[PDB]
Each structure stands twice: as C-alpha cells, then as structure tokens.
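Following: one structure in structure tokens, then a few remarks.
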Amino acid sequence: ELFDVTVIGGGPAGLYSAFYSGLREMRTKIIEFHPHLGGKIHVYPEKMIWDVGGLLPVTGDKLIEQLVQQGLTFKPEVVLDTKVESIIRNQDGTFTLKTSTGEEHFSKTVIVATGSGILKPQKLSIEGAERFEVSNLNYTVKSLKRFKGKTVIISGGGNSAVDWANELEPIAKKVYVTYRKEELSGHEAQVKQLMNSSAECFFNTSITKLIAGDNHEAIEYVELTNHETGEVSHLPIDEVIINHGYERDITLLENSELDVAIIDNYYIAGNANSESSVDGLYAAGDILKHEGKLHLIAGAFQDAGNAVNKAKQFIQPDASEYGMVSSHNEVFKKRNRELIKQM
Amino acid sequence: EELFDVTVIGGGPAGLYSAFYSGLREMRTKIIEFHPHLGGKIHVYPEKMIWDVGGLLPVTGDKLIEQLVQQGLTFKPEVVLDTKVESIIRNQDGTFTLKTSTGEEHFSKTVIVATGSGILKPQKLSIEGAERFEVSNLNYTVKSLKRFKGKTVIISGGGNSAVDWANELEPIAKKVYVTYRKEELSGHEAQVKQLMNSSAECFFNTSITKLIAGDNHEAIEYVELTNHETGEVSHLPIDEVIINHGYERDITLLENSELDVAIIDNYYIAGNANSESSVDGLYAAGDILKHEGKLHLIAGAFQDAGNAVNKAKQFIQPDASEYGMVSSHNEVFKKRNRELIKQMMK
Ligand SMILES: Cc1cc2nc3c(=O)[nH]c(=O)nc-3n(C[C@H](O)[C@H](O)[C@H](O)COP(=O)(O)OP(=O)(O)OC[C@H]3O[C@@H](n4cnc5c(N)ncnc54)[C@H](O)[C@@H]3O)c2cc1C
Ligand SMILES: Cc1cc2nc3c(=O)[nH]c(=O)nc-3n(C[C@H](O)[C@H](O)[C@H](O)COP(=O)(O)OP(=O)(O)OC[C@H]3O[C@@H](n4cnc5c(N)ncnc54)[C@H](O)[C@@H]3O)c2cc1C
C-alpha cells in the first residue's frame, strides 16, 4: 500500500494538491484531522469571498463545497478524523506517516498542507452541552441565513464575538452577548458599533445551563448567572453561539525526525517550487514560506500545483515538467462526454 | 494629472485579476487591451471545458471569460479596448508613458505587463469580401459546441487545431467536412486516425475559392470548392464555415520599447518570484512572466497578479502593508456585500 502522493491536510492547498495529483495520474491519499474537508474556511463560512481568481463572490460555505468537489475529482483515498502525529523518512527514501492511533501510512512523496495547524474551538463546559451541537448550539456562524429573524445569544467576548454580533444585528430578530469579564476584550473601534445598535450585552455573566424545553432536542431557554451580583436570569432563545476561543495543535514537525528546515519555529522553509529541504517532501498553502509566497487562497493553488509537478518528476524522472492543460487533457474525456450532453 | 497608479497592459486572466486586486488595494487602475473584448487566449478555446482553475467546478471557456471579466471590473477601472500599446517609456521621474499605435499616451506610476504570448489574430480567408460573413456564419473559432448541434459544417485547414475541432464536432454536428490544401492531414499522427475512421469527410488538395450567400439572408449557404490537382469545382451546402489557417502574432511591444528590461529567450520578461522585472515599478504577470517557480496555468496568473499588485502598492506607498486585506474582512466590499446579503435573505 505504497502511495505516490500523500497530502497532509484537507484545506484549499491539500484539496487542490489531491486534484492536481490525480490530474497527473498518481495514486493519491489525503489525510485530515477534522471529520469534514475544507480547512480554515470553516472559521468564516458566513463571509463573502471575492478574491479567488475566476470566482464571483461566494460564501465560505459554498466555496468549501466547490473545493471539496474539485479535490475529489479523481477519487483519492480520503482519511478523515485522523491526526498525523509524525513523518519519518525511510532509508529507501520513501516516507512513513504515523497517526495518533499509531496506524501507519506509506508514500513516495508527502505534501504538507497543514496550514496554520489543527484548530479546535474551546468547548462550553456544561454537562449535556454536546447533545445540542446537532441542533442549535454552534461554535461558528455557519451562514447568515441560518439566523434570519431568530433570537441569538453569543457567549464570549473576543474580536470574533464582536464581529459575529455586528454581522448578525441586521439579520437576527434579536442579539444577546454575554461576556465573563467586565470589558469586551475586543477592538475599541468596532466595539462601539455593537453598542450603539441592537445588541444587548450582559457583563460578568455566563451561561450555566441549557434548557431544551418540553418536547424537542434543541435549546429554548438559557440560564444566565451574574458573577458580581448573583442573579439567575433566564432567557428564551432560538440559537446559541459560543465564542470562547480556539485550541491549536502544531506539533507535527516538532514530533518528526526530519532535517526539514523551519522558519520562525513553525513554517516549512521552501523555495519557489514548494520544495522543502528534504527530497520528496513538499509544502503547500499557509505552511509554506518563501519570498514569493502569496498568503491567499489563490496562493495555495499555485503552491499545490508546483508541489505536484515536482512530485511527479521525483517519482517518474522522464515525466514532463508540467501537467497537461485541462482543456486538452485526455484524463477528462469520459467526464466531459457526460457534461456535453447539455443540448 | 491623468497619472494612474497602475496601468495594466493586456486583458487576459493575468490582467483582469491584476485590475481586480489593484482595485481591492484602492489604487487608480487602468487596463489596456488590443481586442474589442476582454478575455485573452481563452477566446482560442471557449468551447472547451476547464477543470483546473482552483475552486472552480468544470466550466466552458465561454463562462470562465464571463466570470473573469466581471471580477476584473469589480472596482470599475478605466478600460481602454481596441488599443495596441506600441512602446513603454520610463520617464525621467521614474513614472511611465505608454504610447498606443495611434500616438495617444497614457501615464502611470507603475506598469503591470500582462501581454501573455502577445497579440493574436486569426489568419483570415484570402477571398474577396469574406469579412461580410463574419457577422453571420463564417467563424474563426468554435464559440460553443451547442452552436453546431445537428448542423452541417465545413472546416478549412488541416493542422492539429483543425483536426481537434473536427474531432469534437463530429459527435455533435449532422455532418462535418474538412478541406485541406495539402496532401496529408498535417496534424499529429495520432488523433488524425480518429478523424478518418469517423463520419467526417475530408477533401484533399482542395481549398475554398468563393463563398455563396443565400438570397433572402446574408449568411453562407454554399461554398465553392476547387480541387487543386484535378481541377474539379464542387459546390457544397453548409450551415457553418470554420477557418483554421493559423494565427498572426504581434510581440513587438518590448522590442519597440527603450527600457532596460531583462528579457528571457527574446520574448519573456525575466522576473523574480514576486513578479518584479529588472526595472523599478514595472511588473509582469501571466504567461509573459518567467521565473524558476512560474506556473504555466490560469491558476498561476492569479498569483503573479496578486504578487505584482502588492509590490506596486508598496512602490507607490512605502508605508502600505505588504499584503492586501483578505476579502472576507476587507471594508472595501461592505456596501457591495450589504446588497448581496439583502438578496440572500430572500
Ligand atoms: C479569518 C480568515 C479569513 C480569510 N479570508 C480569506 C479570503 O477572503 N480570501 C483568501 O484568499 N484567503 C483568505 N484567508 C487566507 C487562508 O489562506 C485561507 O483561509 C486558507 O485556510 C489557507 O489554506 P491551507 O490549506 O494552506 O490551510 P488551512 O485552510 O488551515 O488547512 C489546513 C488543514 O490541515 C489540517 N491539519 C493540520 N495539521 C494536521 C495534522 N497534523 N493532521 C491532520 N490534519 C491536519 C487542518 O485540520 C486543516 O483542515 C483567510 C484566513 C482567515 C484566518
Ligand atoms: C489551447 C490552450 C488551452 C489552455 N487551457 C488551459 C486550461 O485548461 N487551464 C489553465 O489553467 N490554463 C490553460 N491555458 C494556459 C494560459 O495560461 C491561459 O490560456 C491564459 O491565456 C494566460 O493568461 P495571460 O493573461 O497571462 O495571457 P493571455 O490570455 O494571452 O492575454 C494577453 C492579452 O494581452 C493582450 N495584449 C497583448 N499584447 C498587447 C499589446 N501590445 N497591447 C495591448 N494588448 C495587448 C492580448 O490581446 C491578450 O488579450 C491554455 C492555453 C492554451 C493555448
């Protein structure tokens, strides 16, 4: 089970890597920590994205869909819910990847596309809270439309919370914010927009229980307790959003034995073709640093394409330097046939 | 003055995204293109399906052009069409003057060269007054496959491109004729074998010698064929005529310029990984840019363009940030987004 190309990470860079790897006819695997492909766009799926080349403005949610679909065009082996723990370069020059459960994967080449690492939202510490993640307890704003005309309480006071409140005020029926401190630890320019308009803020307050109402499995009321007086208010709500920050895991390369050059203790020091200091090991997306790195989704595509063209030649030296342009690539002939049936 | 921040030469993918991103970073932006339509080399393949633009599900070149043009015009740059830029002059203060073929002049703090492989023009039919029918059914590209559904088309020429057109139209058209001036179908001897096992009928040592219009409409109804080795003069009823005799190419822009601009292999601008040329304030993006990490795709044009724009902004405003603000949080979209979000809420 030795793969041609194994992509670590399922964001824009990893997904396009898998795509272009399949366009160049390589046995391809993609390994992602979360149960869902898409990467960091999951942090802002409600926002409008204008700066992807060739795309008219689209929401994060819709962009994730289009990238996942393109990334799976050639049916790579998809390994979700898996944290890659370490990368080993074997003596024969192939690579072995160890997962958190000790399972192992083997590859001729590895494309590191871990972006800024593993992100996990800090969870609400109340007993049966995770029961409501399947209904109306959220850790992101999945879409603005989800909250049209609904009553929403945001727990937390970061810049993310102030941002969420400000975009939801025009849309929700009502917006509540509860912060456990006495001052909104946000930016003192967008904090006043929040305060001159519709949002109602509670300070030194937190959520202490989630009431599901008689017959349903979704939150209807929220118990609020004040930390300076002591009141135990109750509040009817349609939606709850927790913004208590994020937990980060960047240990992948520290846990590995590879003389891979690192910039600023995190980023892979690459060149303009996405090569690292280790043969057959490439870097694409936010994990990649070089003088020409473009810190946009559009840059991730360039990083990925360069990585794959190099991987192809590493594996097959007589391969051409570049992939066949898709309009004339025979690899799409069968698929194009079905689509052409559009008359 | 009429002094622009960024003037883009070339309206293809690289130029259009440059214009967009230049607007994203709040610079006075102008874009100059030779043809009457923006879009670049994609007008050579508008019927093909394009799969490898990042984030894009397969779409025809026709639709991609539409999408690229709308994005490139987001911030309403000054668009100068039907205009050939003849030379680039670096003025004594380090600004630039661009001279068009009619002598007009444009001025800019920075210049982004996005001319691809240059100005491309189809080789026209050497027949009197043929241009009359360009408005009707005399085509120099396959603008779409559906345009030829169940129709009768003759293709003149026999190169790899002519063989490719016939091959994609044979399953779609009622009937495909190919007429070639040579003895052999001088394409590539692989897909040439697909053409002659299929329903496409070839006429060798033949060329089109006159076009015959209909009487009650002014398309072409009959084509006069002349076999050049016998002498026969056939006539042939058709719905569509497609010419493919090659292209004319105009690459003189940089030869005609007095710029100390390093050139690779007599054509490409020798850039670095940030799309900089050897001349301060002159950038290159797209197929015209060569450096060790240049990606020869539409996807690569976008990175060349963003990198070029970020550099132009710092050249013009040294304290500007090295990076543009991501669109999702960039205040320059706020009023536009408000209108979009309103539509989204039913
Ligand atoms: C708020 C915000 C807004 C942005 N907006 C824009 C915008 O409008 N336009 C734009 O062009 N760019 C934008 N970006 C820039 C950024 O490039 C993209 O957001 C994108 O996420 C980068 O893609 P990437 O694949 O390289 O990294 P990521 O998207 O971070 O993908 C990395 C993936 O790898 C996984 N992973 C990491 N480590 C491991 C491991 N050890 N094992 C398994 N899986 C692992 C992670 O779970 C994640 O899914 C924005 C960034 C932010 C933070
Ligand atoms: C047949 C074919 C298929 C392709 N398929 C794909 C594909 O499927 N996917 C992919 O990613 N890439 C593909 N490409 C690759 C190529 O990058 C794109 O086609 C694209 O055209 C390059 O963008 P560009 O803006 O830099 O240059 P161009 O598209 O060539 O645009 C340059 C523009 O500048 C104008 N111009 C030039 N000189 C002047 C001047 N002096 N004054 C004024 N205007 C001027 C020209 O008129 C033209 O409009 C393909 C290329 C070809 C030939």
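Following the order of the structure tokens, chains are lettered A, B, ..., residues in each are numbered from 1, and ligands are numbered from 1.
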For this session: Find the residues in chain B near chain A: any atom within 8 Å counts, using only C-alpha atoms. Write them as a ChimeraX atom specification.
Result: /B:17,21,48-57,64,67-68,70-71,146,149,273-274,292-293,295-297,299-300,302-303,306-307,323,326-328,337,344-345
For this session: Identify, counting only C-alpha atoms and all ligand atoms, the protein, DNA and RNA residues located within 8 Å of ligand 2, and give them as a ChimeraX atom specification.
Result: /A:325-328 /B:9-16,32-35,37-42,44-45,48-53,83-87,100,114-120,250-253,285-289,296-301
Problem set entry | Residue list (strand (DSSP E or B), DSSP) for segment 209-274 of chain B, as a PyMOL selection string | chain B and resi 209-213+220-227+233-237+240-243+247-250+258+263-264+268-270
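Here the question is which of B:91, B:266, B:191, B:22 gets nearest to residue 166 of chain B using only C-alpha atoms, and that residue is B:191.
Rounded to one decimal, atom CA of residue 155 of chain B and atom CA of residue 241 of chain B lie 6.1 Å from each other.
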Exercise. What lies within 10 Å of residue 75 of chain B using only C-alpha atoms, ignoring chain neighbours under 4 positions off, as number ranges by chain?
Worked result: B: 19-24, 26-29, 70-71, 332-333
Exercise. So which residues of segment 75-321 of chain B fall under alpha helix (DSSP H) by DSSP, listed as a PyMOL selection string?
Worked result: chain B and resi 160-169+191-197+298-316
For this session: Write out as number ranges by chain which residues come within 9 Å of residue 1 of chain B when counting only C-alpha atoms, dropping same-chain ones fewer than 2 positions away.
Result: B: 3-4, 107
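The coordinates place atom CA of residue 259 of chain B at 6.7 Å from atom CA of residue 90 of chain B.
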For this session: Could you tell me which of B:169, B:111, B:178, B:325 comes closest to ligand 1 if we count only C-alpha atoms and all ligand atoms?
Result: B:325
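Closest approach to ligand 1 among A:168, A:222, A:37, A:162: A:37, based on only C-alpha atoms and all ligand atoms.
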For this session: For residue 184 of chain A, please output as a ChimeraX atom specification all residues within 10 Å (counting only C-alpha atoms; exclusion window: fewer than 4 positions along the same chain).
Result: /A:156-159,161-162,177-180,188,191,201,203
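Across the model, the gap from atom CA of residue 338 of chain A to atom CA of residue 243 of chain B is 27.9 Å.
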